[PDB]
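The data block below is upload_37.txt; it holds compact mmCIF, C-alpha atoms.
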# COMPACT_ATOMS: atom_id res chain seq x y z
CA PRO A 1 -55.95 14.22 44.46
CA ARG A 2 -53.44 13.09 41.76
CA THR A 3 -55.53 15.33 39.58
CA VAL A 4 -53.42 18.37 40.55
CA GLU A 5 -50.40 16.59 39.08
CA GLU A 6 -52.33 15.66 35.93
CA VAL A 7 -53.36 19.27 35.31
CA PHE A 8 -49.82 20.46 36.04
CA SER A 9 -48.38 17.87 33.63
CA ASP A 10 -50.62 19.25 30.90
CA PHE A 11 -49.42 22.80 31.71
CA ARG A 12 -45.73 21.74 31.62
CA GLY A 13 -46.20 20.00 28.27
CA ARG A 14 -47.80 23.01 26.62
CA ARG A 15 -45.19 25.28 28.23
CA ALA A 16 -42.41 23.12 26.76
CA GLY A 17 -43.94 23.40 23.28
CA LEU A 18 -44.21 27.18 23.61
CA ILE A 19 -40.63 27.50 24.91
CA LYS A 20 -39.57 25.53 21.79
CA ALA A 21 -41.45 27.92 19.50
CA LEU A 22 -39.81 30.95 21.13
CA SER A 23 -36.23 29.55 21.40
CA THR A 24 -35.08 26.43 19.50
CA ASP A 25 -37.58 26.93 16.69
CA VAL A 26 -37.72 30.73 16.90
CA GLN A 27 -36.92 31.40 13.25
CA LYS A 28 -39.45 28.81 12.07
CA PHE A 29 -42.06 30.49 14.27
CA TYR A 30 -40.95 33.98 13.16
CA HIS A 31 -41.27 33.09 9.47
CA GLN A 32 -44.72 31.59 9.89
CA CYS A 33 -45.83 34.97 11.36
CA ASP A 34 -45.90 37.14 8.19
CA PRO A 35 -47.54 40.36 9.48
CA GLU A 36 -50.18 40.50 6.77
CA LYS A 37 -51.67 37.09 7.59
CA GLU A 38 -54.94 37.06 9.51
CA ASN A 39 -55.60 35.83 13.02
CA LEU A 40 -52.36 34.01 13.84
CA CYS A 41 -51.68 32.82 17.36
CA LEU A 42 -49.25 30.68 19.27
CA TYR A 43 -50.99 27.51 20.49
CA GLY A 44 -49.20 24.99 22.76
CA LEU A 45 -50.16 21.31 23.03
CA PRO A 46 -49.32 18.95 25.94
CA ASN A 47 -47.28 16.73 23.63
CA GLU A 48 -44.73 19.61 23.55
CA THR A 49 -45.66 20.83 20.05
CA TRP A 50 -46.82 24.25 18.86
CA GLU A 51 -48.85 25.74 16.06
CA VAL A 52 -49.72 29.26 14.75
CA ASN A 53 -53.16 28.47 13.34
CA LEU A 54 -56.02 28.32 15.81
CA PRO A 55 -57.34 24.74 16.03
CA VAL A 56 -60.99 24.09 15.36
CA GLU A 57 -62.87 23.54 18.62
CA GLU A 58 -66.45 22.92 19.66
CA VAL A 59 -68.85 25.76 20.51
CA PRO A 60 -68.22 27.19 23.04
CA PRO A 61 -64.57 26.13 22.77
CA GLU A 62 -63.69 23.96 25.72
CA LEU A 63 -60.35 25.72 26.36
CA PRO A 64 -59.52 29.40 26.66
CA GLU A 65 -58.21 30.72 23.32
CA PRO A 66 -54.75 32.25 23.02
CA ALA A 67 -54.24 35.76 21.61
CA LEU A 68 -55.01 36.14 17.92
CA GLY A 69 -53.24 38.61 15.65
CA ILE A 70 -49.89 38.33 17.42
CA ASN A 71 -48.13 38.59 14.04
CA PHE A 72 -49.20 42.16 13.13
CA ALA A 73 -46.46 43.82 15.21
CA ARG A 74 -43.64 41.35 14.34
CA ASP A 75 -41.70 43.90 12.25
CA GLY A 76 -42.49 46.94 14.43
CA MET A 77 -39.95 46.18 17.18
CA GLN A 78 -36.75 44.23 17.85
CA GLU A 79 -37.34 40.52 17.36
CA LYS A 80 -36.54 39.78 20.99
CA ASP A 81 -39.12 42.35 22.17
CA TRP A 82 -41.76 40.80 19.92
CA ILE A 83 -40.83 37.35 21.28
CA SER A 84 -41.15 38.72 24.83
CA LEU A 85 -44.63 40.06 24.04
CA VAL A 86 -45.68 36.72 22.56
CA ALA A 87 -44.24 35.14 25.74
CA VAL A 88 -46.40 37.34 28.03
CA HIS A 89 -49.57 36.47 26.13
CA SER A 90 -48.52 32.80 26.18
CA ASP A 91 -47.92 32.80 29.95
CA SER A 92 -51.37 34.36 30.53
CA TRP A 93 -52.93 31.71 28.27
CA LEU A 94 -51.24 28.78 30.00
CA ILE A 95 -52.44 29.84 33.45
CA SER A 96 -55.98 30.28 32.05
CA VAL A 97 -55.98 26.77 30.58
CA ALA A 98 -54.62 25.19 33.75
CA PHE A 99 -57.23 26.81 36.02
CA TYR A 100 -59.96 25.95 33.54
CA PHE A 101 -58.97 22.30 33.82
CA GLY A 102 -58.72 22.59 37.59
CA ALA A 103 -62.30 23.82 37.73
CA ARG A 104 -63.49 21.09 35.37
CA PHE A 105 -61.76 18.52 37.59
CA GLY A 106 -63.52 19.91 40.65
CA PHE A 107 -60.58 21.63 42.31
CA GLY A 108 -61.46 23.59 45.36
CA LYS A 109 -59.48 26.31 47.06
CA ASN A 110 -56.74 23.98 48.33
CA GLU A 111 -56.21 22.30 44.97
CA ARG A 112 -56.14 25.73 43.31
CA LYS A 113 -53.39 26.78 45.74
CA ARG A 114 -51.35 23.66 45.12
CA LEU A 115 -51.61 24.08 41.36
CA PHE A 116 -50.49 27.70 41.52
CA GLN A 117 -47.47 26.87 43.70
CA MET A 118 -46.31 24.32 41.12
CA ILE A 119 -46.87 26.73 38.21
CA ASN A 120 -45.11 29.61 39.92
CA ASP A 121 -42.05 27.60 40.86
CA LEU A 122 -41.09 27.60 37.20
CA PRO A 123 -39.71 30.69 35.48
CA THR A 124 -42.32 32.19 33.20
CA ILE A 125 -41.84 31.86 29.47
CA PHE A 126 -41.18 35.62 29.60
CA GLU A 127 -38.32 35.03 32.04
CA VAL A 128 -36.93 32.19 29.90
CA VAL A 129 -36.83 34.15 26.66
CA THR A 130 -35.51 37.37 28.23
CA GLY A 131 -32.68 35.61 30.05
CA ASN A 132 -34.07 36.28 33.53
CA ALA A 133 -34.67 32.61 34.42
CA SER B 1 -45.64 44.17 47.58
CA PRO B 2 -45.43 47.12 45.17
CA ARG B 3 -48.66 49.11 44.85
CA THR B 4 -49.26 47.68 41.34
CA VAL B 5 -50.17 44.27 42.88
CA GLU B 6 -53.18 45.66 44.78
CA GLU B 7 -54.07 47.75 41.73
CA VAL B 8 -54.15 44.65 39.50
CA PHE B 9 -56.19 42.83 42.13
CA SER B 10 -58.64 45.76 42.31
CA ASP B 11 -59.13 45.49 38.53
CA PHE B 12 -59.76 41.74 39.00
CA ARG B 13 -62.26 42.28 41.84
CA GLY B 14 -64.20 44.87 39.88
CA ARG B 15 -64.47 42.69 36.76
CA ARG B 16 -65.46 39.75 38.99
CA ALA B 17 -68.23 41.83 40.58
CA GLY B 18 -69.56 42.72 37.12
CA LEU B 19 -69.53 39.06 36.11
CA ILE B 20 -71.28 38.03 39.33
CA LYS B 21 -74.00 40.62 38.47
CA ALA B 22 -74.47 39.11 34.99
CA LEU B 23 -74.75 35.60 36.43
CA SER B 24 -77.03 36.46 39.40
CA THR B 25 -78.82 39.82 39.90
CA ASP B 26 -78.96 40.50 36.14
CA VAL B 27 -79.31 36.88 35.04
CA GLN B 28 -82.42 37.29 32.86
CA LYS B 29 -81.08 40.39 31.09
CA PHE B 30 -77.85 38.41 30.47
CA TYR B 31 -79.81 35.34 29.32
CA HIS B 32 -81.84 37.35 26.80
CA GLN B 33 -78.74 39.09 25.46
CA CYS B 34 -77.22 35.64 24.78
CA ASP B 35 -79.44 35.32 21.76
CA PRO B 36 -78.94 31.96 20.01
CA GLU B 37 -79.87 33.64 16.69
CA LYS B 38 -76.80 35.92 16.89
CA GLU B 39 -73.26 34.95 15.96
CA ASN B 40 -70.98 33.66 18.72
CA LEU B 41 -71.02 35.99 21.73
CA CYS B 42 -68.76 36.49 24.76
CA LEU B 43 -69.33 37.68 28.36
CA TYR B 44 -66.89 40.36 29.58
CA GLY B 45 -66.40 41.94 32.98
CA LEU B 46 -65.20 45.52 33.34
CA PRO B 47 -63.35 47.07 36.32
CA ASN B 48 -66.24 49.42 37.11
CA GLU B 49 -68.35 46.39 38.09
CA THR B 50 -70.28 46.20 34.82
CA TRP B 51 -70.63 43.41 32.28
CA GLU B 52 -71.12 43.29 28.51
CA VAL B 53 -72.13 40.58 26.07
CA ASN B 54 -70.40 41.39 22.77
CA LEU B 55 -69.40 39.62 19.60
CA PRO B 56 -65.59 39.23 19.80
CA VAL B 57 -63.67 40.87 16.97
CA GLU B 58 -60.20 40.60 15.47
CA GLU B 59 -58.51 43.24 17.58
CA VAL B 60 -55.17 44.16 16.06
CA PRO B 61 -53.06 44.15 18.11
CA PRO B 62 -54.59 41.68 20.56
CA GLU B 63 -55.12 43.19 23.97
CA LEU B 64 -56.75 41.32 26.84
CA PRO B 65 -57.34 37.59 26.65
CA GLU B 66 -60.63 36.72 24.96
CA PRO B 67 -63.51 35.13 26.95
CA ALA B 68 -65.20 31.92 25.83
CA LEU B 69 -67.20 32.57 22.65
CA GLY B 70 -70.43 31.00 21.59
CA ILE B 71 -72.04 30.89 25.04
CA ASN B 72 -75.28 31.73 23.25
CA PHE B 73 -75.10 28.48 21.24
CA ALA B 74 -75.18 26.33 24.39
CA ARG B 75 -77.84 28.36 26.22
CA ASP B 76 -80.92 26.39 25.11
CA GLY B 77 -79.17 23.00 25.24
CA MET B 78 -78.90 22.86 29.04
CA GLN B 79 -80.83 23.64 32.19
CA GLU B 80 -80.31 27.36 32.75
CA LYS B 81 -78.41 26.93 36.02
CA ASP B 82 -75.99 24.46 34.34
CA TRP B 83 -75.45 26.95 31.52
CA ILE B 84 -74.79 29.64 34.15
CA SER B 85 -72.25 27.31 35.78
CA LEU B 86 -70.53 26.70 32.43
CA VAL B 87 -70.31 30.46 31.80
CA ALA B 88 -69.04 30.93 35.36
CA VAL B 89 -66.14 28.50 35.01
CA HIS B 90 -65.11 30.05 31.70
CA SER B 91 -65.39 33.50 33.29
CA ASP B 92 -63.17 32.43 36.22
CA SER B 93 -60.50 31.25 33.79
CA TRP B 94 -60.73 34.54 31.89
CA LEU B 95 -60.32 36.62 35.05
CA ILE B 96 -57.15 34.87 36.12
CA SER B 97 -55.78 35.22 32.58
CA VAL B 98 -56.49 38.96 32.60
CA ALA B 99 -54.94 39.45 36.06
CA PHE B 100 -51.71 37.63 35.21
CA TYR B 101 -51.56 39.40 31.82
CA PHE B 102 -51.71 42.80 33.55
CA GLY B 103 -49.19 41.54 36.08
CA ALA B 104 -46.79 40.67 33.24
CA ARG B 105 -47.28 43.98 31.43
CA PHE B 106 -46.47 45.66 34.75
CA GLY B 107 -43.29 43.67 35.29
CA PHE B 108 -44.40 41.38 38.12
CA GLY B 109 -41.85 38.85 39.29
CA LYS B 110 -42.28 35.57 41.15
CA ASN B 111 -43.15 37.16 44.50
CA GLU B 112 -45.60 39.65 43.00
CA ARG B 113 -47.35 36.79 41.17
CA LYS B 114 -47.61 34.85 44.44
CA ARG B 115 -49.12 37.82 46.27
CA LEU B 116 -51.59 38.38 43.43
CA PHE B 117 -52.68 34.73 43.43
CA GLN B 118 -53.04 34.77 47.21
CA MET B 119 -55.53 37.63 46.98
CA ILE B 120 -57.45 36.10 44.06
CA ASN B 121 -57.74 32.74 45.76
CA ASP B 122 -59.13 34.22 49.00
CA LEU B 123 -62.40 34.71 47.16
CA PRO B 124 -64.82 31.97 46.12
CA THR B 125 -64.77 31.44 42.42
CA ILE B 126 -67.72 32.69 40.41
CA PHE B 127 -68.54 29.01 39.87
CA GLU B 128 -68.68 28.49 43.62
CA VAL B 129 -70.87 31.59 44.05
CA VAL B 130 -73.47 30.60 41.46
CA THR B 131 -73.66 26.94 42.56
CA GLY B 132 -74.04 27.63 46.29
CA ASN B 133 -70.50 26.34 46.95
CA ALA B 134 -69.95 29.69 48.77
Written form, structure tokens:
Amino acid sequence: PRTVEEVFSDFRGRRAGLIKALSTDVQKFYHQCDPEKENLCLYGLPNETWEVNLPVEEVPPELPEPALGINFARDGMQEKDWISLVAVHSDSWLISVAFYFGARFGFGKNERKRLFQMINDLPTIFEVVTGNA
Amino acid sequence: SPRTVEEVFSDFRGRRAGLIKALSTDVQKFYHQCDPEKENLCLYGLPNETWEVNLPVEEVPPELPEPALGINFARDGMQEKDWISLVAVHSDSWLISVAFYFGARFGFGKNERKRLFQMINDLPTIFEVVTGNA
């Protein structure tokens, strides 16, 4: 069903916004992550934008939430290692969101397999930011 | 695959079994712990096949992905089996997040991620289990 492509399009859009935050806009992202601020995250939207403040959602929130408090360790390691750690959390979030949508759209086992194959043909954000893409 | 792939899958299967317990065998205990008079609660699965309903807190640093919060707010607004299904789908998305997070911390590459997904997707989702979709 063309619904696998719609869910994958959403995933690619959020992934593009997160890759922007962690590469092209890395210093903007870094400076918004002062380590004494509370509850910051990296949130990706399918229009290829990003934000560090958790958006207000319904209750329960419809989408899985990304990691909060990612800014505490910003100064405790090399910037590229902190970026890599944000990348790993971000990759685990994106796959959560995509499979949540797949379930909401009534994907069965075959649709779940097709969605994963498309996701896993792209380098992870971790691989992008570490130079292993 | 390296041994770590099966070890990450074993963690996944054990948490899944705990979540299946909460949403089936232990459903009334789970239901009553999802008290609508408490603050927003989450359902967690642990690798020893147990489950817990806890208020999420601001863990610093963040560790595992966080499950859906506020499941207790929706409990009385739906037929119980539809609320169970809602919790199940959120729990399925949490489990795959946890598994791929561990896989990343343990340096999985493309092939290791494929093998891990293959094993996860052999099993019916918790949503399928609780709705009779196998």
Exercise. What residues in chain A lie within 7 Å of chain B, counting all atoms listed in the file, written as JSON, numbers by chain?
Worked result: {"A": [59, 60, 61, 64, 65, 66, 67, 68, 69, 70, 72, 88, 89, 92, 93, 95, 96, 99, 100, 103, 109, 120]}
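Atom CA of residue A:52 lies 9.0 Å from atom CA of residue A:39.
As for atom CA of residue A:40 and atom CA of residue A:14, they are spaced 17.5 Å apart.
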Exercise. Smallest atom-to-atom distance to residue B:50: which of B:107, B:14, B:2, B:132, using all atoms listed in the file?
Worked result: B:14
Exercise. In Å to one decimal, how far is atom CA of residue A:87 from atom CA of residue A:33?
Worked result: 14.5 Å
Exercise. Quick one: residues within 10 Å of residue A:47, only C-alpha atoms counted, chain neighbours fewer than 5 positions away excluded, as a PyMOL selection string?
Worked result: chain A and resi 10+12-17
In the coordinates of the file, take the point (-59.5, 18.0, 42.5) and a cut-off of 7 Å; then, counting all atoms listed in the file, name each qualifying protein, DNA or RNA residue as a CSV table (one decimal) with C-alpha atoms, in the frame of the given file.
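Done, and the output landed in part.csv:
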chain,number,residue,atom,x,y,z
A,1,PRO,CA,-56.0,14.2,44.5
A,3,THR,CA,-55.5,15.3,39.6
A,4,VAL,CA,-53.4,18.4,40.6
A,102,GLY,CA,-58.7,22.6,37.6
A,105,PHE,CA,-61.8,18.5,37.6
A,106,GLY,CA,-63.5,19.9,40.6
A,107,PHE,CA,-60.6,21.6,42.3
A,108,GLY,CA,-61.5,23.6,45.4
A,111,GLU,CA,-56.2,22.3,45.0
